[PDB]
Amino acid sequence: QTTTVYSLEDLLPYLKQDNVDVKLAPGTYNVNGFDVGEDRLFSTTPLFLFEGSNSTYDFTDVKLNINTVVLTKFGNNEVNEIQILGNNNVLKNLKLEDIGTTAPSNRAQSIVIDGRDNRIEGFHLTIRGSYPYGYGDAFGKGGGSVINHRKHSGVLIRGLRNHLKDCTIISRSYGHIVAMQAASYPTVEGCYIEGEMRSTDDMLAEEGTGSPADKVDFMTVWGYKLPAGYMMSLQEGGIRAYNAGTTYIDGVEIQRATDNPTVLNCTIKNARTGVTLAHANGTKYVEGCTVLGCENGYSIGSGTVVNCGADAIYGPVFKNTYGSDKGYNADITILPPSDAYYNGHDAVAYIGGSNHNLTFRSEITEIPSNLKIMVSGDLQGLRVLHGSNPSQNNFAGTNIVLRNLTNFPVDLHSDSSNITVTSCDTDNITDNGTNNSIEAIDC
């Protein structure tokens with residue numbers, strides 16, 4: 001039997017109860033600064049704390065507008081709009097929009113999924129309000145920042161067997177769009193994930209304005225002045241696994257890495273990365289995805305990427321994260337450009353590590369001269385110049401199968417060895433490595 005409520009005030013009591021079936025009636029509901037306080041509706045954060053288990057919540061035709069000023073009403077603390085702590089809950093069809101662009105007093109998360117066996121389905125989320133907004137991570141995304149930040153991220157999947165399905169997540173905020181943290185068997189399925197871009201040249205045009213970047217003479221956290229010629233996302237990862245983190249299940253606090261992530265039939269647009277799971281453990285499986293205009297396509301470290309696609313307008317479609325990457329099996333289509341090329345990385349793929357099986361397919365005939373498949377070598381990546389992030393660049397590749405069903409040139413560096421290469425044409429293959437095999441295939 002479904003209980004229908006017609007106010008946020010009447011909804012909140014159900015979030016503390018088990019085994020309920022609740023529907024918030026179709027309509028527009030607004031949360032403003034005046035709704036936060038001791039005798040106001042929201043006296044604590046997280047605003048919507050789903051503590052019960054085995055419950056279902058129907059938000060069909062519900063527009064929930066949350067004024068970004070609310071992110072400053074809880075002191076110097078984290079503000080989570082929605083957090084699920086219970087188990088076996090289903091939340092469906094909510095349209096949640098941050099109103100305005102006010103930055104959090106500290107930081108914010110739109111949705112946090114702890115517990116186990118929860119599902120959020122059919123949500124439409126628009127994320128706003130963060131600082132600094134306009135630079136990506138150039139001036140710091142963690143500690144020791146050049147410009148101190150007030151990040152605001154989208155969906156954080158933790159817990160066990162938690163599931164995000166058929167959601168639209170649009171970010172205009174400096175933070176991750178979808179991320180996994182201490183999550184065991186998280187699944188992201190059928191989602192559309194979208195940020196927006198800004199060139200480093202446009203940022204550099206702030207010279208002499210007195211902007212925050214102008215004040216630090218554009219000195220990045222990578223140890224050098226912000227280079228021209230790159231296209232950056234104003235968001236962080238599209239789908240990204242955290243290195244560490246904490247989750248809560250049945251009152252147990254758990255610190256662990258993410259393990260066994262699955263990503264299916266997702267479209268990720270204009271984020272710092274399409275799908276990055278290198279920090280996760282266990283079985284990694286990514287299938288049927290489409291990455292458009294991201295700074296990086298797929299970087300899962302190890303596992304399977306299959307029937308996936310990405311364009312190469314702003315960065316490579318594929319990157320091995322470390323030289324210890326092992327067993328990365330990928331079948332990636334290099335898609336037609338979704339916009340004008342602006343790729344300062346000078347690469348469509350950077351390959352290293354050992355025992356990979358990599359296939360690239362494309363119908364592109366006009367190859368920009370700076371674009372190439374690199375096995376080993378010195379990647380001109382925005383964040384790995386001049387010794388920055390040194391473990392993520394200049395590493396060897398050994399015992400790799402590379403099936404190049406593209407017109408893209410291939411550059412095998414001297415650090416490359418035992419690379420088995422097949423390609424449509426071999427004339428545009430430069431081999432400076434050891435015991436590499438290069439063979440021509442017809443089309």
# chains A, B, ... in the order shown; residues from 1 in each chain; ligands from 1

$ select_by_dssp --residues "region 25-130 of chain A" --states "strand (DSSP E)" --output "PyMOL selection string"
chain A and resi 27-31+48-50+56-58+62-67+78-84+90-92+95-99+107-113+119-121+124-128

$ write_last_selection --atoms "N, CA and C atoms" --output "CSV table (one decimal), in the first residue's frame"
chain,number,residue,atom,x,y,z
A,27,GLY,N,4.7,17.8,-8.2
A,27,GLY,CA,4.7,19.2,-7.9
A,27,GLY,C,6.1,19.8,-7.8
A,28,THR,N,6.1,21.1,-7.4
A,28,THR,CA,7.4,21.7,-7.3
A,28,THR,C,7.6,22.1,-5.8
A,29,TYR,N,8.8,21.6,-5.3
A,29,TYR,CA,9.1,21.8,-3.9
A,29,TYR,C,10.4,22.6,-3.8
A,30,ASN,N,10.4,23.6,-3.0
A,30,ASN,CA,11.6,24.5,-2.9
A,30,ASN,C,12.2,24.4,-1.5
A,31,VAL,N,13.5,24.3,-1.4
A,31,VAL,CA,14.3,24.4,-0.2
A,31,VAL,C,15.1,25.7,-0.3
A,48,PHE,N,18.2,15.1,3.4
A,48,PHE,CA,17.3,13.9,3.3
A,48,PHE,C,18.2,12.7,3.7
A,49,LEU,N,18.0,12.2,4.9
A,49,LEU,CA,18.8,11.1,5.4
A,49,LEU,C,17.9,9.9,5.4
A,50,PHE,N,18.1,9.0,4.4
A,50,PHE,CA,17.3,7.8,4.3
A,50,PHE,C,17.9,6.7,5.3
A,56,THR,N,10.5,2.0,-0.4
A,56,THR,CA,10.5,2.5,-1.8
A,56,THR,C,9.9,4.0,-1.8
A,57,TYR,N,10.6,4.8,-2.6
A,57,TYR,CA,10.2,6.2,-2.6
A,57,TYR,C,10.0,6.6,-4.1
A,58,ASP,N,8.8,7.1,-4.4
A,58,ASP,CA,8.4,7.5,-5.7
A,58,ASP,C,8.3,9.0,-5.8
A,62,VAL,N,8.2,15.1,-9.5
A,62,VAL,CA,8.6,16.0,-8.4
A,62,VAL,C,9.8,16.8,-8.9
A,63,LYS,N,9.7,18.1,-8.8
A,63,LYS,CA,10.8,19.0,-9.0
A,63,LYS,C,11.2,19.5,-7.6
A,64,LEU,N,12.4,19.2,-7.2
A,64,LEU,CA,13.0,19.6,-5.9
A,64,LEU,C,14.1,20.6,-6.3
A,65,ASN,N,13.8,21.8,-5.9
A,65,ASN,CA,14.7,22.9,-6.1
A,65,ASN,C,15.4,23.3,-4.8
A,66,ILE,N,16.7,23.1,-4.7
A,66,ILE,CA,17.5,23.4,-3.5
A,66,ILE,C,18.4,24.6,-3.8
A,67,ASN,N,18.1,25.7,-3.0
A,67,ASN,CA,18.9,26.9,-3.2
A,67,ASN,C,20.3,26.7,-2.7
A,78,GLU,N,30.4,19.7,6.0
A,78,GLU,CA,29.9,19.1,4.7
A,78,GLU,C,28.4,19.2,4.7
A,79,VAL,N,27.9,19.5,3.5
A,79,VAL,CA,26.4,19.5,3.3
A,79,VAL,C,26.1,18.4,2.2
A,80,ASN,N,25.4,17.4,2.6
A,80,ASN,CA,24.9,16.4,1.7
A,80,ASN,C,23.4,16.6,1.5
A,81,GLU,N,23.0,16.7,0.2
A,81,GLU,CA,21.5,16.9,0.0
A,81,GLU,C,20.8,15.6,0.3
A,82,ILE,N,21.3,14.4,-0.2
A,82,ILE,CA,20.6,13.1,0.0
A,82,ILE,C,21.7,12.2,0.4
A,83,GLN,N,21.5,11.4,1.5
A,83,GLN,CA,22.3,10.3,1.9
A,83,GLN,C,21.5,9.1,2.2
A,84,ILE,N,21.8,7.9,1.7
A,84,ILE,CA,21.2,6.7,2.1
A,84,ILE,C,22.1,5.9,3.0
A,90,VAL,N,14.7,1.8,-2.7
A,90,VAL,CA,14.6,2.2,-4.1
A,90,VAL,C,14.1,3.6,-4.1
A,91,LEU,N,14.8,4.5,-4.7
A,91,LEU,CA,14.4,5.9,-5.0
A,91,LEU,C,14.3,6.1,-6.5
A,92,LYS,N,13.2,6.7,-6.9
A,92,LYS,CA,12.9,6.8,-8.4
A,92,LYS,C,12.4,8.2,-8.8
A,95,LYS,N,13.5,14.8,-9.9
A,95,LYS,CA,14.3,15.9,-10.6
A,95,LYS,C,14.8,16.9,-9.6
A,96,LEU,N,16.1,16.9,-9.3
A,96,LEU,CA,16.7,17.6,-8.3
A,96,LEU,C,17.6,18.7,-8.9
A,97,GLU,N,17.4,20.0,-8.6
A,97,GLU,CA,18.2,21.0,-9.2
A,97,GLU,C,18.7,22.0,-8.1
A,98,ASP,N,20.0,22.2,-8.1
A,98,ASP,CA,20.6,23.3,-7.3
A,98,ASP,C,20.3,24.6,-8.0
A,99,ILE,N,19.8,25.5,-7.2
A,99,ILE,CA,19.4,26.9,-7.7
A,99,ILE,C,20.5,27.9,-7.4
A,107,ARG,N,32.2,22.2,1.7
A,107,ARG,CA,32.1,21.4,0.5
A,107,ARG,C,30.7,20.7,0.5
A,108,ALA,N,30.3,20.1,-0.6
A,108,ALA,CA,29.0,19.5,-0.7
A,108,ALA,C,29.0,18.3,-1.6
A,109,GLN,N,28.0,17.4,-1.3
A,109,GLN,CA,27.7,16.2,-2.2
A,109,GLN,C,26.2,16.2,-2.4
A,110,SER,N,25.8,16.0,-3.7
A,110,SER,CA,24.4,15.9,-3.9
A,110,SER,C,23.8,14.6,-3.4
A,111,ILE,N,24.4,13.5,-3.7
A,111,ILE,CA,23.8,12.2,-3.2
A,111,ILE,C,25.0,11.3,-2.8
A,112,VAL,N,24.8,10.7,-1.6
A,112,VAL,CA,25.7,9.7,-1.1
A,112,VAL,C,24.9,8.4,-0.8
A,113,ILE,N,25.4,7.3,-1.4
A,113,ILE,CA,24.7,6.0,-1.2
A,113,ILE,C,25.6,5.1,-0.4
A,119,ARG,N,19.1,1.3,-4.7
A,119,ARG,CA,19.1,1.7,-6.1
A,119,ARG,C,18.4,3.1,-6.2
A,120,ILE,N,19.1,3.9,-7.0
A,120,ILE,CA,18.5,5.2,-7.4
A,120,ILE,C,18.3,5.1,-8.9
A,121,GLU,N,17.1,5.4,-9.4
A,121,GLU,CA,16.7,5.1,-10.8
A,121,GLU,C,16.0,6.3,-11.3
A,124,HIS,N,17.0,13.0,-12.4
A,124,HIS,CA,17.6,14.0,-13.2
A,124,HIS,C,18.2,15.0,-12.2
A,125,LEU,N,19.5,15.2,-12.2
A,125,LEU,CA,20.2,16.0,-11.2
A,125,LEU,C,21.0,17.1,-11.9
A,126,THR,N,20.9,18.3,-11.4
A,126,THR,CA,21.7,19.4,-11.9
A,126,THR,C,22.4,20.0,-10.7
A,127,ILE,N,23.7,20.0,-10.8
A,127,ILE,CA,24.6,20.3,-9.7
A,127,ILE,C,25.2,21.7,-9.9
A,128,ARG,N,25.1,22.6,-9.0
A,128,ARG,CA,25.7,23.9,-9.0
A,128,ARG,C,26.2,24.4,-7.7

$ closest_atom_pairs --of "region 255-316 of chain A" --to "region 171-195 of chain A" --cutoff "10 Å" --atoms "only C-alpha atoms" --output "tab-separated table"
residue	atom	partner	partner_atom	distance
A:255	CA	A:182	CA	6.5
A:256	CA	A:182	CA	5.0
A:257	CA	A:182	CA	4.8
A:258	CA	A:182	CA	4.5
A:259	CA	A:184	CA	4.9
A:260	CA	A:185	CA	4.8
A:261	CA	A:186	CA	5.2
A:262	CA	A:187	CA	4.8
A:263	CA	A:188	CA	4.8
A:264	CA	A:189	CA	4.7
A:265	CA	A:190	CA	4.8
A:266	CA	A:191	CA	4.8
A:267	CA	A:192	CA	4.9
A:268	CA	A:193	CA	4.6
A:269	CA	A:194	CA	4.6
A:270	CA	A:195	CA	4.8
A:271	CA	A:195	CA	5.3
A:272	CA	A:195	CA	8.7
A:273	CA	A:176	CA	9.8
A:274	CA	A:193	CA	8.9
A:275	CA	A:178	CA	9.6
A:276	CA	A:179	CA	9.3
A:277	CA	A:180	CA	8.8
A:279	CA	A:181	CA	10.0
A:280	CA	A:180	CA	8.8
A:281	CA	A:184	CA	9.3
A:282	CA	A:185	CA	9.0
A:283	CA	A:185	CA	9.0
A:284	CA	A:185	CA	9.5
A:285	CA	A:187	CA	9.8
A:286	CA	A:188	CA	9.6
A:287	CA	A:189	CA	9.7
A:288	CA	A:190	CA	9.3
A:289	CA	A:190	CA	8.8
A:290	CA	A:192	CA	9.6
A:291	CA	A:193	CA	9.5
A:292	CA	A:194	CA	9.3
A:293	CA	A:195	CA	9.7
A:294	CA	A:195	CA	9.1

$ closest_residue --among "A:38, A:431, A:366, A:250" --to "residue 406 (chain A)" --atoms "only C-alpha atoms"
A:366

$ closest_residue --among "A:147, A:310, A:345, A:54" --to "residue 383 (chain A)" --atoms "only C-alpha atoms"
A:345

$ residues_around --residues "region 387-390 of chain A" --least-positions-apart "4" --cutoff "9 Å" --atoms "only C-alpha atoms" --output "PDB file with N, CA and C atoms, in the first residue's frame"
ATOM      1  N   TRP A 222      50.734  21.517 -10.375  1.00  0.00           N
ATOM      2  CA  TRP A 222      51.641  20.556 -11.001  1.00  0.00           C
ATOM      3  C   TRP A 222      53.092  21.037 -11.036  1.00  0.00           C
ATOM      4  N   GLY A 223      53.358  22.271 -10.618  1.00  0.00           N
ATOM      5  CA  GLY A 223      54.710  22.785 -10.524  1.00  0.00           C
ATOM      6  C   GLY A 223      55.160  23.651 -11.676  1.00  0.00           C
ATOM      7  N   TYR A 224      54.250  24.069 -12.544  1.00  0.00           N
ATOM      8  CA  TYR A 224      54.606  24.904 -13.676  1.00  0.00           C
ATOM      9  C   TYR A 224      53.433  25.804 -14.029  1.00  0.00           C
ATOM     10  N   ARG A 383      48.812  17.328 -17.065  1.00  0.00           N
ATOM     11  CA  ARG A 383      49.186  17.151 -15.665  1.00  0.00           C
ATOM     12  C   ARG A 383      50.442  16.310 -15.475  1.00  0.00           C
ATOM     13  N   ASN A 394      56.064   8.274 -18.812  1.00  0.00           N
ATOM     14  CA  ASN A 394      57.429   7.790 -19.071  1.00  0.00           C
ATOM     15  C   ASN A 394      57.698   6.405 -18.484  1.00  0.00           C
ATOM     16  N   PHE A 395      56.794   5.461 -18.726  1.00  0.00           N
ATOM     17  CA  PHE A 395      57.013   4.107 -18.246  1.00  0.00           C
ATOM     18  C   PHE A 395      56.982   3.123 -19.404  1.00  0.00           C
TER      19      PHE A 395
END

$ closest_residue --among "A:381, A:337, A:297, A:238" --to "residue 313 (chain A)" --atoms "only C-alpha atoms"
A:337

$ atom_distance --atom1 "CA of residue 393 (chain A)" --atom2 "CA of residue 424 (chain A)"
27.4 Å

$ closest_residue --among "A:145, A:43, A:4, A:118" --to "residue 220 (chain A)" --atoms "only C-alpha atoms"
A:145

$ residues_around --residues "residue 134 (chain A)" --least-positions-apart "6" --cutoff "12 Å" --atoms "only C-alpha atoms" --output "VMD selection string"
chain A and resid 147 149 172 to 175 195 to 200 202 to 204 206 211 to 213 231 to 236

$ closest_residue --among "A:129, A:53, A:321, A:114" --to "residue 163 (chain A)" --atoms "only C-alpha atoms"
A:114

$ closest_residue --among "A:301, A:368, A:142, A:353" --to "residue 341 (chain A)" --atoms "only C-alpha atoms"
A:368

$ select_by_dssp --residues "region 42-246 of chain A" --states "alpha helix (DSSP H)" --output "list in words"
residues 200, 201, 202, 203, 204, 212, 213, 214 and 215 of chain A

$ residues_around --residues "residue 352 (chain A)" --least-positions-apart "3" --cutoff "9 Å" --atoms "only C-alpha atoms" --output "ChimeraX atom specification"
/A:319-326,356,374-377,393-398,400,416

$ write_last_selection --atoms "N, CA and C atoms" --output "short mmCIF file (atom, residue, chain, number, x, y, z; two decimals), in the first residue's frame"
data_model
loop_
_atom_site.label_atom_id
_atom_site.label_comp_id
_atom_site.auth_asym_id
_atom_site.auth_seq_id
_atom_site.Cartn_x
_atom_site.Cartn_y
_atom_site.Cartn_z
N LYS A 319 44.23 5.57 -21.68
CA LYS A 319 45.51 5.79 -21.03
C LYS A 319 45.75 4.73 -19.97
N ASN A 320 46.89 4.04 -20.07
CA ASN A 320 47.36 3.24 -18.95
C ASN A 320 47.82 4.19 -17.84
N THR A 321 47.38 3.93 -16.61
CA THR A 321 47.63 4.87 -15.52
C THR A 321 49.08 4.79 -15.04
N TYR A 322 49.56 3.58 -14.77
CA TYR A 322 50.89 3.34 -14.23
C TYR A 322 51.59 2.27 -15.04
N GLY A 323 52.91 2.20 -14.88
CA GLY A 323 53.68 1.11 -15.47
C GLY A 323 53.41 -0.25 -14.86
N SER A 324 52.74 -0.30 -13.71
CA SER A 324 52.34 -1.58 -13.14
C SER A 324 50.96 -2.04 -13.63
N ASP A 325 50.31 -1.27 -14.51
CA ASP A 325 49.08 -1.74 -15.14
C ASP A 325 49.34 -3.09 -15.80
N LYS A 326 48.42 -4.03 -15.61
CA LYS A 326 48.58 -5.38 -16.12
C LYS A 326 47.21 -5.96 -16.46
N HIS A 356 48.67 -6.52 -21.92
CA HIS A 356 47.41 -5.93 -22.37
C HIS A 356 47.03 -6.49 -23.73
N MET A 374 50.65 6.06 -28.80
CA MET A 374 51.97 5.97 -28.19
C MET A 374 52.06 4.70 -27.35
N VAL A 375 53.07 3.89 -27.60
CA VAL A 375 53.46 2.85 -26.66
C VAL A 375 54.73 3.33 -25.99
N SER A 376 54.62 3.65 -24.70
CA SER A 376 55.72 4.21 -23.91
C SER A 376 56.01 5.62 -24.40
N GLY A 377 57.02 6.25 -23.84
CA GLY A 377 57.39 7.58 -24.28
C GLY A 377 56.95 8.64 -23.29
N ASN A 393 53.60 8.67 -16.19
CA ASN A 393 54.19 9.03 -17.48
C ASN A 393 55.55 8.34 -17.59
N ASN A 394 56.06 8.27 -18.81
CA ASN A 394 57.43 7.79 -19.07
C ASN A 394 57.70 6.40 -18.48
N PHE A 395 56.79 5.46 -18.73
CA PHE A 395 57.01 4.11 -18.25
C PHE A 395 56.98 3.12 -19.40
N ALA A 396 57.56 1.96 -19.14
CA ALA A 396 57.75 0.92 -20.14
C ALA A 396 56.45 0.14 -20.41
N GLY A 397 56.39 -0.44 -21.60
CA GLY A 397 55.33 -1.35 -22.01
C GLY A 397 55.95 -2.63 -22.52
N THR A 398 55.46 -3.79 -22.08
CA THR A 398 56.05 -5.08 -22.42
C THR A 398 54.95 -6.11 -22.65
N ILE A 400 52.52 -6.68 -25.11
CA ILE A 400 51.22 -6.06 -25.38
C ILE A 400 50.79 -6.41 -26.79
N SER A 416 59.60 0.51 -25.05
CA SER A 416 58.66 -0.55 -25.50
C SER A 416 59.42 -1.84 -25.81
#

$ residues_around --residues "residue 428 (chain A)" --least-positions-apart "4" --cutoff "9 Å" --atoms "only C-alpha atoms" --output "ChimeraX atom specification"
/A:407-411
